[PDB]
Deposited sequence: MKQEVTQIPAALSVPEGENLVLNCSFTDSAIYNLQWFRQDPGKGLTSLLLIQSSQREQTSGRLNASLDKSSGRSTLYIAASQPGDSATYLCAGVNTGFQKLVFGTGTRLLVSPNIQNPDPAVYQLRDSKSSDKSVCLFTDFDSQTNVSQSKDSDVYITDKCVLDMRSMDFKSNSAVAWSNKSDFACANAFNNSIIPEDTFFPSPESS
């Protein structure tokens, strides 16, 4: 048995419906299970006779003729971001055979982009640069300088304020390090705010 999951990685703007596919070479499936991994959270379990299963905005189908299972996620939310795994049990066996997974990123809809790079000082001469409030079409590139550390973007959600924002952090011990140049390897918006000290 070989379980093929496509796509390996998927980026989708929040609000869109999305499709995850899972195909298996051996169509003699006893049970099909979909999981979420942020251990494994069981999402849905489809029986040999069943052609579909649903749990909230998640709906999975099992096509007995084309050897496929499709997971549909309706009105995607940034909180749906996780790895999704498909697995099947073959008739006459007990073990699950898994696909390699789909790494899903649901990007927040930034209703008011205000890109900026702020300098933050240690609570205890150490500082970090914070690139924040950029739209989700902006990607943060890894550092090209080995002694400059740059994280990937992260989505935070101030849920009582209906406000989501992206950010990435850069830091270094180098003397010439300044927030004006920290994110030089990324495509940063032309209107990015670099405040005065």
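Which runs of the deposited chain sequence never show up in the coordinates? Absent from the structure are positions 1-2, 41-43, 130-131, 205-207.
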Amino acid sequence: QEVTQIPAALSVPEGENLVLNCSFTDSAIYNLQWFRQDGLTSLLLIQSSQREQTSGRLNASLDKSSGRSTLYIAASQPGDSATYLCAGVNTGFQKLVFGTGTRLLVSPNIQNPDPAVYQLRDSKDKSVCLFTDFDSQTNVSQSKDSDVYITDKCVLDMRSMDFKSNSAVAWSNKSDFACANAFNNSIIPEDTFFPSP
From here on, numbers count along this sequence of modelled residues.
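Should the higher mean CA B-factor in the entry be assigned to 84-92 or to 115-123? The recorded data point to 84-92.
Averaging C-alpha B-factors over each stretch, which comes out higher, 159-167 or 58-66? Higher of the two, by average CA B-factor, is 58-66.
Out of 132, 151, 50, 136, highest CA B-factor residue: In this record, 50 carries the highest C-alpha B-factor of the candidates.
Given 20, 187, 182, 9, the residue at which the Cα B factor reaches its maximum: Max CA B-factor in the entry, restricted to 20, 187, 182, 9: 187.
Where does the C-alpha B-factor of residue 45 rank in its chain, lowest, middle or highest third? Within its chain, residue 45 is a highest-third residue by C-alpha B-factor, going by the deposited values.
Divide the modelled residues of the chain into thirds by Cα B-factor and specify which third, lowest, middle or highest, holds residue 28. Top third by C-alpha B-factor.
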